[PDB]
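Working notes, beginning with the structure itself.
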Amino acid sequence: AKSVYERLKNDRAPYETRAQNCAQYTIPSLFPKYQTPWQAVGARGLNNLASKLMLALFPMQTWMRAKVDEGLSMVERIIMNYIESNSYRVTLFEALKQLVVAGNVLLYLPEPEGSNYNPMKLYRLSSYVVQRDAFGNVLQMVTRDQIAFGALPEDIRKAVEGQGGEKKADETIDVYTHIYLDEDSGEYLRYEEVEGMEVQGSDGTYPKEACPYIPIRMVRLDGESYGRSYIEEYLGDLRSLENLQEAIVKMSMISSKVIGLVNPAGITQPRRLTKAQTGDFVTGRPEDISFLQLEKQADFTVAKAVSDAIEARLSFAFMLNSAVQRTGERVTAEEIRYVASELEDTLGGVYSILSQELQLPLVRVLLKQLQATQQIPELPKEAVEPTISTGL
Amino acid sequence: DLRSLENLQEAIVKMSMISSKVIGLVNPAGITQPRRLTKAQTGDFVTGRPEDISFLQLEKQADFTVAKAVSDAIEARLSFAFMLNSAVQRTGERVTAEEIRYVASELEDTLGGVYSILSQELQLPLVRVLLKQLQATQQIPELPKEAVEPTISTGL
Amino acid sequence: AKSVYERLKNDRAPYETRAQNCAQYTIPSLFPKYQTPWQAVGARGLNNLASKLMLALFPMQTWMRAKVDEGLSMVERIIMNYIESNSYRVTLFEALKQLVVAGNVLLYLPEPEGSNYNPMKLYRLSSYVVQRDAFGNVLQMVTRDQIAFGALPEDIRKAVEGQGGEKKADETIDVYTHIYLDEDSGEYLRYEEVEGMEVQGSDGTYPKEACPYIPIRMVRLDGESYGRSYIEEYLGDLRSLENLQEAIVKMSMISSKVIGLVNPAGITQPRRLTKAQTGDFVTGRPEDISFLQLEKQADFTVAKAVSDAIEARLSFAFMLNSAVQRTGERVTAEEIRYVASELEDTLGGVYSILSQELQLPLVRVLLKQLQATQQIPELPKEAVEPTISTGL
């Protein structure tokens with residue numbers, strides 16, 4: 001399915017350069033095309049956004065939910081035990097950090113295969129494409145990866161590399177992965193594709209609810225698959241801050257220095273002026289030696305005032321500069337509603353959309369995938385596939 | 001009023017960026033060269049008359065202040081125009097109990113009858129089409145016969 | 001395995017010069033390529049970061065965790081007894097200090113061999129390389145060391161130096177150490193390599209969980225093995241502070257001095273001016289003697305204002321300038337959650353990532369390695385290899 005990616009590459013390339021061009025002025029290297037941001041109020045605002053939203057969506061407390069509901073309690077308390085011991089909060093911080101930059105981070109959550117260390121493989125927008133319908137559901141997802149020499153298992157790599165050729169011992173070849181909705185059936189089919197062909201013995205199917213690959217957006221906009229971010233609407237105000245304060249500091253460094261101008265047709269030499277203990281009296285007219293004195297004290301103040309205006313408005317733009325209850329008591333008890341309502345009132349419906357596009361499908365794929373090799377006995381028959389209540 | 005704010009602050013920032021830079025003008029008929037001026041550790045003494053090198057100094061500090069004052073006026077009036085800048089009870093307690101009437105009355109007193117019109121053009125027909133459409137394949141048994149199609153009371 | 005290091009040297013050299021170039025403006029000599037930093041707000045911010053994070057990750061209190069759980073209590077209270085009497089907090093301060101400069105500090109924790117003094121040998125990024133996969137696990141680690149003459153034990157050194165040659169009595173030869181994941185097996189194999197060959201009788205194996213060599217990062221970034229730091233995104237703002245305040249002080253020292261200029265074609269001599277008790281009247285016109293008076297009082301103020309701006313923003317950047325509860329009462333009781341939440345809200349997910357990449361593998365390798373020569377009887381059979389619950 002290399003041709004599908006190369007065809008609808010044009011369907012993602014407007015979203016690509018927006019994401020990359022809006023990444024540059026707020027974090028160095030979450031998107032390539034060192035080299036530091038010149039001044040970085042956006043870099044702190046972004047991390048504060050992530051640090052608030054991590055406590056907002058799901059804290060350490062119970063977030064996911066007469067004689068029968070004890071079996072409801074165990075199946076929804078075992079998932080929080082599985083969610084920490086596999087280190088989910090390590091990579092979901094990266095996910096949400098990508099979410100408030102680009103717009104569409106994927107979250108691969110592969111099969112357990114025991115009780116080992118299974119990491120949430122993340123993907124960024126320079127690797128995958130999604131097609132959506134008029135109503136707003138997924139149709140097909142085409143992820144790409146580069147693979148090194150020995151990082152792939154050698155189970156398959158004999159036949160796909162037996163076509164001919166002596167290659168370098170770190171040859172980076174691209175591999176693809178496609179999931180698509182069937183024509184007649186409502187199940188999704190998944191497979192990998194290497195070297196421009198199907199793989200030996202890897203094709204699989206998945207039920208209706210729980211896709212193995214969860215796409216996400218942060219602001220919903222119909223008509224197309226992906227979505228925007230609100231740093232895409234503070235982009236120009238941040239761009240003006242960077243292109244202002246670079247000029248501010250590079251003006252300050254020129255103003256600080258002292259290039260003393262001495263007259264050439266005078267009597268004084270600078271060679272005697274260079275050697276000077278304090279107190280001695282060296283010859284020379286007091287007219288010749290002067291200094292640069294470029295004389296912009298008030299002209300700096302307009303730049304510092306406009307910078308203060310941008311600095312103060314970006315402060316309320318990115319949830320920063322807020323006296324809060326970070327002075328907690330050993331746990332976070334009622335904190336998530338305060339921070340959640342404040343980020344709702346400052347950012348848009350991000351606490352609303354991430355409760356039905358992040359809190360929902362992670363719980364669905366982790367109540368499907370974890371129960372494949374079933375590690376907890378479900379006692380009742382009435383609510384074997386119960387509701388999924390997120391957020392509250 | 002918003003259009004004037006955009007077409008003002010674009011000029012404000014693009015004035016600030018020109019004022020921040022330093023295009024030092026050196027005289028051409030002088031003795032000083034800029035090539036020696038470019039290389040300068042702090043403290044060394046390089047030749048040259050102190051008349052030739054000057055800077056732009058476009059000199060509008062007070063003329064910026066009228067633009068910043070008119071921007072402050074628009075910024076302060078748009079603040080009350082769009083319900084922003086209001087100390088509220090967003091410091092809630094785990095739920096919203098009595099909050100909806102306070103916010104509703106404040107947006108009524110600031111925006112017009114939007115809380116009135118959206119209680120009879122949004123809260124009403126969504127409830128009507130969701131008490132018709134959901135009961136087509138009926139998922140809850142209606143017990144009484146007296147109020148099978150009852151009233152629709154919205155807002156309050 | 002000298003050739004493996006010399007091959008993927010290119011895989012680390014972008015991370016090398018970033019770490020070394022970002023070390024220079026914040027601490028003198030945690031990385032070579034005396035010579036003091038010119039002005040050093042970063043040097044204090046870095047040590048305050050370490051001093052907060054040391055109480056954050058693990059204090060003196062119990063951090064690691066009906067009739068059966070007493071045996072859980074002893075095995076997790078003996079490890080805190082072993083963690084102080086071998087002086088771990090001495091070298092882990094160096095480790096975390098390397099962590100918020102470079103990005104990848106290794107923590108060797110060799111075998112006990114009794115109950116002697118066994119030090120956590122630290123490694124820095126100029127000595128070792130790690131390869132990672134697409135999911136994010138380790139594959140191979142190649143550490144380097146230089147060794148002096150008699151510092152190595154002489155158990156082996158006869159055969160490796162019997163190749164021929166009369167060498168200097170402090171000849172620094174490099175030695176290497178490789179650990180790698182097997183092709184078929186899931187155990188790691190470890191060995192040393194001296195002089196470009198295998199060593200006599202030293203090759204060993206290790207179980208699945210507890211690697212003897214624990215790599216670490218501070219901000220997670222997929223696609224490559226190592227990682228960045230947030231001083232890599234305050235680098236330019238700190239660099240401007242150093243290159244500003246060097247000019248500030250070297251302007252102040254020139255402005256303080258007094259090189260009095262006397263006219264040469266006048267009547268006054270400076271030789272009579274040099275000798276002067278207060279009160280006497282010495283001859284001379286009051287036109288000839290003047291002073292330099294370079295006259296930049298307002299031009300200094302723009303440099304001091306821009307320095308104040310950088311100084312105030314770096315203050316909140318490095319957790320400094322925070323009124324806290326360092327006025328404690330004999331112990332730290334509830335303190336670790338306050339400091340932990342504040343550094344979470346200021347630095348990123350460092351308290352999250354170091355609870356699953358520092359607090360986890362140290363506990364795993366110290367519940368594997370300490371129980372080799374087993375010093376505490378495990379009573380129950382149900383939780384002999386129990387869970388590892390970190391952070392909380």
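Following the order of the structure tokens, chains are lettered A, B, ..., residues in each are numbered from 1, and ligands are numbered from 1.
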Could you produce a table of the residues of chain B lying within 10 Å of chain A, with the nearest pair of atoms per residue and their separation in Å rounded to one decimal, using only C-alpha atoms, ordered by chain and increasing residue number, as a Markdown table?
| residue | atom | partner | partner_atom | distance |
| --- | --- | --- | --- | --- |
| B:9 | CA | A:306 | CA | 9.9 |
| B:12 | CA | A:306 | CA | 8.0 |
| B:13 | CA | A:306 | CA | 7.0 |
| B:14 | CA | A:240 | CA | 8.8 |
| B:15 | CA | A:303 | CA | 9.0 |
| B:16 | CA | A:303 | CA | 5.3 |
| B:17 | CA | A:244 | CA | 5.8 |
| B:18 | CA | A:303 | CA | 9.2 |
| B:19 | CA | A:299 | CA | 6.4 |
| B:20 | CA | A:303 | CA | 5.7 |
| B:21 | CA | A:247 | CA | 5.8 |
| B:22 | CA | A:251 | CA | 6.6 |
| B:24 | CA | A:294 | CA | 8.5 |
| B:31 | CA | A:264 | CA | 8.3 |
| B:32 | CA | A:261 | CA | 9.2 |
| B:37 | CA | A:259 | CA | 7.7 |
| B:38 | CA | A:259 | CA | 9.9 |
| B:39 | CA | A:259 | CA | 9.7 |
| B:40 | CA | A:259 | CA | 6.8 |
| B:41 | CA | A:257 | CA | 7.8 |
| B:42 | CA | A:257 | CA | 5.3 |
| B:43 | CA | A:258 | CA | 6.0 |
| B:44 | CA | A:259 | CA | 6.4 |
| B:45 | CA | A:260 | CA | 4.9 |
| B:46 | CA | A:261 | CA | 5.6 |
| B:47 | CA | A:262 | CA | 5.2 |
| B:48 | CA | A:261 | CA | 5.2 |
| B:49 | CA | A:263 | CA | 5.3 |
| B:50 | CA | A:261 | CA | 6.0 |
| B:51 | CA | A:292 | CA | 9.5 |
| B:53 | CA | A:292 | CA | 7.6 |
| B:54 | CA | A:294 | CA | 6.4 |
| B:55 | CA | A:294 | CA | 6.1 |
| B:56 | CA | A:296 | CA | 9.0 |
| B:57 | CA | A:296 | CA | 6.4 |
| B:58 | CA | A:299 | CA | 7.8 |
| B:59 | CA | A:299 | CA | 6.7 |
| B:60 | CA | A:299 | CA | 7.5 |
| B:61 | CA | A:298 | CA | 6.4 |
| B:62 | CA | A:302 | CA | 9.5 |
| B:64 | CA | A:302 | CA | 7.4 |
| B:65 | CA | A:302 | CA | 8.8 |
| B:68 | CA | A:306 | CA | 9.0 |
| B:90 | CA | A:341 | CA | 6.5 |
| B:91 | CA | A:338 | CA | 5.7 |
| B:92 | CA | A:338 | CA | 6.1 |
| B:93 | CA | A:334 | CA | 7.2 |
| B:94 | CA | A:337 | CA | 5.6 |
| B:95 | CA | A:337 | CA | 7.7 |
| B:96 | CA | A:337 | CA | 9.9 |
Neighbours of residue 112 (chain A) within 12 Å (only C-alpha atoms; same-chain residues fewer than 2 positions away dropped), as JSON, numbers by chain? {"A": [82, 86, 109, 110, 114, 115, 116, 117, 118, 119, 120, 365, 366, 368, 369, 370, 371, 372, 373, 374, 375]}
Using N, CA and C atoms, can you export the residues from the last selection as a PDB file, in the first residue's frame?
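As written to disk, result_14.pdb reads:
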ATOM      1  N   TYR A  82      -2.650  -2.286  35.282  1.00  0.00           N
ATOM      2  CA  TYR A  82      -1.933  -2.543  34.037  1.00  0.00           C
ATOM      3  C   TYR A  82      -1.422  -1.255  33.396  1.00  0.00           C
ATOM      4  N   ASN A  86       3.160  -0.934  32.898  1.00  0.00           N
ATOM      5  CA  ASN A  86       3.683  -0.973  31.548  1.00  0.00           C
ATOM      6  C   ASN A  86       4.155   0.396  31.090  1.00  0.00           C
ATOM      7  N   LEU A 109      -1.063   0.271  20.116  1.00  0.00           N
ATOM      8  CA  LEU A 109      -1.066  -0.458  21.362  1.00  0.00           C
ATOM      9  C   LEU A 109      -1.082  -1.931  20.984  1.00  0.00           C
ATOM     10  N   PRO A 110       0.072  -2.535  20.717  1.00  0.00           N
ATOM     11  CA  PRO A 110       0.116  -3.900  20.185  1.00  0.00           C
ATOM     12  C   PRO A 110      -0.288  -4.944  21.217  1.00  0.00           C
ATOM     13  N   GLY A 114       1.857 -12.096  26.688  1.00  0.00           N
ATOM     14  CA  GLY A 114       2.335 -12.485  28.000  1.00  0.00           C
ATOM     15  C   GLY A 114       2.066 -11.449  29.071  1.00  0.00           C
ATOM     16  N   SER A 115       3.065 -11.182  29.908  1.00  0.00           N
ATOM     17  CA  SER A 115       3.031 -10.102  30.891  1.00  0.00           C
ATOM     18  C   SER A 115       4.369  -9.380  30.905  1.00  0.00           C
ATOM     19  N   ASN A 116       4.897  -9.121  29.718  1.00  0.00           N
ATOM     20  CA  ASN A 116       6.226  -8.554  29.556  1.00  0.00           C
ATOM     21  C   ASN A 116       6.131  -7.028  29.495  1.00  0.00           C
ATOM     22  N   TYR A 117       7.212  -6.380  29.083  1.00  0.00           N
ATOM     23  CA  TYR A 117       7.270  -4.930  28.928  1.00  0.00           C
ATOM     24  C   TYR A 117       6.793  -4.602  27.518  1.00  0.00           C
ATOM     25  N   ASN A 118       5.586  -4.063  27.413  1.00  0.00           N
ATOM     26  CA  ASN A 118       5.014  -3.767  26.104  1.00  0.00           C
ATOM     27  C   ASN A 118       4.797  -2.275  25.919  1.00  0.00           C
ATOM     28  N   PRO A 119       5.582  -1.604  25.112  1.00  0.00           N
ATOM     29  CA  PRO A 119       5.524  -0.142  25.084  1.00  0.00           C
ATOM     30  C   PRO A 119       4.530   0.403  24.077  1.00  0.00           C
ATOM     31  N   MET A 120       3.846   1.490  24.437  1.00  0.00           N
ATOM     32  CA  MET A 120       2.937   2.169  23.519  1.00  0.00           C
ATOM     33  C   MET A 120       3.764   2.873  22.459  1.00  0.00           C
ATOM     34  N   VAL A 365      -9.819  -0.265  23.748  1.00  0.00           N
ATOM     35  CA  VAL A 365      -8.836  -1.195  23.212  1.00  0.00           C
ATOM     36  C   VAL A 365      -8.113  -1.908  24.341  1.00  0.00           C
ATOM     37  N   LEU A 366      -8.159  -1.359  25.545  1.00  0.00           N
ATOM     38  CA  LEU A 366      -7.556  -2.032  26.674  1.00  0.00           C
ATOM     39  C   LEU A 366      -8.542  -2.893  27.444  1.00  0.00           C
ATOM     40  N   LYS A 368     -10.673  -4.660  25.357  1.00  0.00           N
ATOM     41  CA  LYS A 368     -10.656  -5.730  24.365  1.00  0.00           C
ATOM     42  C   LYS A 368      -9.356  -6.517  24.358  1.00  0.00           C
ATOM     43  N   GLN A 369      -8.219  -5.839  24.189  1.00  0.00           N
ATOM     44  CA  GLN A 369      -6.926  -6.481  24.005  1.00  0.00           C
ATOM     45  C   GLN A 369      -6.416  -7.184  25.252  1.00  0.00           C
ATOM     46  N   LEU A 370      -6.674  -6.625  26.435  1.00  0.00           N
ATOM     47  CA  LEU A 370      -6.186  -7.236  27.667  1.00  0.00           C
ATOM     48  C   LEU A 370      -6.942  -8.517  27.983  1.00  0.00           C
ATOM     49  N   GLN A 371      -8.192  -8.612  27.541  1.00  0.00           N
ATOM     50  CA  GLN A 371      -9.029  -9.765  27.822  1.00  0.00           C
ATOM     51  C   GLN A 371      -8.946 -10.830  26.733  1.00  0.00           C
ATOM     52  N   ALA A 372      -7.995 -10.703  25.802  1.00  0.00           N
ATOM     53  CA  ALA A 372      -7.754 -11.768  24.831  1.00  0.00           C
ATOM     54  C   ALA A 372      -7.162 -12.994  25.513  1.00  0.00           C
ATOM     55  N   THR A 373      -5.960 -12.858  26.068  1.00  0.00           N
ATOM     56  CA  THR A 373      -5.468 -13.799  27.062  1.00  0.00           C
ATOM     57  C   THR A 373      -5.938 -13.390  28.446  1.00  0.00           C
ATOM     58  N   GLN A 374      -7.104 -13.870  28.868  1.00  0.00           N
ATOM     59  CA  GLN A 374      -7.889 -13.203  29.899  1.00  0.00           C
ATOM     60  C   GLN A 374      -7.292 -13.426  31.282  1.00  0.00           C
ATOM     61  N   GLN A 375      -6.961 -12.332  31.977  1.00  0.00           N
ATOM     62  CA  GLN A 375      -6.218 -12.431  33.227  1.00  0.00           C
ATOM     63  C   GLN A 375      -7.075 -12.184  34.459  1.00  0.00           C
TER      64      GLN A 375
END
Between CA of residue 216 (chain A) and CA of residue 25 (chain A), what is the distance, to one decimal in Å? 23.0 Å
What is the CA of residue 163 (chain A)-CA of residue 199 (chain A) distance in Å, reported with one decimal? 14.6 Å
Once DSSP has gone over the backbone, tell me which residues of region 17-202 of chain A are in helix (DSSP H, G or I), as a PyMOL selection string. chain A and resi 17-23+41-57+70-85+88-99+157-160
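Summary of the local environment: counting only C-alpha atoms, residues at most 8 Å from region 148-155 of chain B, other than itself and those fewer than 3 positions away along its chain, are residues 119, 120, 123, 124, 127, 128, 142, 144 and 145 of chain B.
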Quick one: residues within 12 Å of residue 104 (chain B), only C-alpha atoms, excluding same-chain residues fewer than 5 positions away - as a PyMOL selection string? chain B and resi 83+98-99+109-116+118-119+155-156
Preceding selection exported with N, CA and C atoms as a JSON list (two decimals), in the first residue's frame:
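File written: again37.json
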[["chain", "number", "residue", "atom", "x", "y", "z"],
["B", 83, "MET", "N", -17.53, 38.84, 27.06],
["B", 83, "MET", "CA", -17.73, 38.16, 28.34],
["B", 83, "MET", "C", -16.41, 37.85, 29.07],
["B", 98, "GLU", "N", -24.89, 25.21, 41.36],
["B", 98, "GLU", "CA", -25.75, 26.37, 41.16],
["B", 98, "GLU", "C", -25.18, 27.30, 40.10],
["B", 99, "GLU", "N", -24.06, 26.88, 39.52],
["B", 99, "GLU", "CA", -23.24, 27.68, 38.63],
["B", 99, "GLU", "C", -23.94, 28.13, 37.35],
["B", 109, "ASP", "N", -27.06, 39.30, 30.47],
["B", 109, "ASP", "CA", -26.81, 40.73, 30.64],
["B", 109, "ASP", "C", -25.66, 41.25, 29.81],
["B", 110, "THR", "N", -24.90, 40.39, 29.14],
["B", 110, "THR", "CA", -23.84, 40.92, 28.30],
["B", 110, "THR", "C", -24.04, 40.71, 26.81],
["B", 111, "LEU", "N", -24.78, 39.68, 26.39],
["B", 111, "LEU", "CA", -24.83, 39.30, 24.99],
["B", 111, "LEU", "C", -26.16, 39.55, 24.30],
["B", 112, "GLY", "N", -27.23, 39.77, 25.04],
["B", 112, "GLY", "CA", -28.56, 39.83, 24.46],
["B", 112, "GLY", "C", -29.40, 38.66, 24.94],
["B", 113, "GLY", "N", -30.40, 38.29, 24.16],
["B", 113, "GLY", "CA", -31.28, 37.21, 24.56],
["B", 113, "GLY", "C", -30.83, 35.85, 24.08],
["B", 114, "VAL", "N", -29.52, 35.62, 24.07],
["B", 114, "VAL", "CA", -28.98, 34.36, 23.54],
["B", 114, "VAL", "C", -29.33, 33.21, 24.47],
["B", 115, "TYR", "N", -29.37, 33.45, 25.78],
["B", 115, "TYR", "CA", -29.81, 32.40, 26.69],
["B", 115, "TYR", "C", -31.31, 32.21, 26.60],
["B", 116, "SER", "N", -32.02, 33.23, 26.12],
["B", 116, "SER", "CA", -33.45, 33.07, 25.91],
["B", 116, "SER", "C", -33.74, 32.37, 24.59],
["B", 118, "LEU", "N", -31.74, 30.41, 22.77],
["B", 118, "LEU", "CA", -31.21, 29.07, 22.66],
["B", 118, "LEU", "C", -31.88, 28.10, 23.61],
["B", 119, "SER", "N", -32.83, 28.58, 24.41],
["B", 119, "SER", "CA", -33.66, 27.68, 25.19],
["B", 119, "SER", "C", -34.95, 27.32, 24.47],
["B", 155, "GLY", "N", -34.42, 24.94, 29.71],
["B", 155, "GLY", "CA", -33.80, 26.04, 30.41],
["B", 155, "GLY", "C", -33.80, 25.91, 31.92],
["B", 156, "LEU", "N", -34.98, 25.98, 32.52],
["B", 156, "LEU", "CA", -35.12, 25.93, 33.97],
["B", 156, "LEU", "C", -35.45, 24.52, 34.44]]
Could you name the residues that touch residue 168 (chain A) at 12 Å or less, counting only C-alpha atoms, but leaving out those on the same chain fewer than 4 positions away, as a PyMOL selection string? chain A and resi 148-149+172-173
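Reported to one decimal place, the separation of CA of residue 105 (chain C) from CA of residue 203 (chain C) is 24.0 Å.
Taking only C-alpha atoms into account, chain A lies nearest to C:220 out of the set C:220, C:33, C:52, C:364.
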